[PDB]
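Right, one structure below, let's go through it.
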Amino acid sequence: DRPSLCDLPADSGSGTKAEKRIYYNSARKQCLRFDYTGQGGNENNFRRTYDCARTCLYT
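Residue numbering for the sequence shown follows mature numbering (1 follows the signal peptide of the UniProt record, and there is no 0), starting at 2 and increasing by one per position.
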């Protein structure tokens, strides 16, 4: 099975920018794009789709 961070929601955070990041959506079982503000947020936040896939889909 997958680590508990995979269950966290997408969190845009508290910062002043916008950049593309990837999160694992538990309800869809997919790694999807979100808007990250550059600060704050949670560990379900990947710069590379591949890293979300290895962490939350399957090793």
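Just so it is clear, CB atoms sit at the ideal spot from N, CA and C, and this is done for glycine as well.
Just checking my contact of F35 with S13 at CB under 8 Å: how many whole Å lie between their CB atoms?
7 Å
Have a look at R29 and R3 and give me their C-alpha separation to the nearest angstrom.
15 Å
In terms of residue numbering, what span does the beta strand (DSSP E) encompassing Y25 cover?
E20 to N26
Just the C-alpha distance for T17 and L58, rounded to the nearest angstrom, thanks.
Looking at the two C-alpha atoms, the distance is approximately 30 Å.
Excluding sequence positions up to five away, which residues of its chain have a Cβ less than 6 Å from the Cβ of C53?
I23, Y25, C32 and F47
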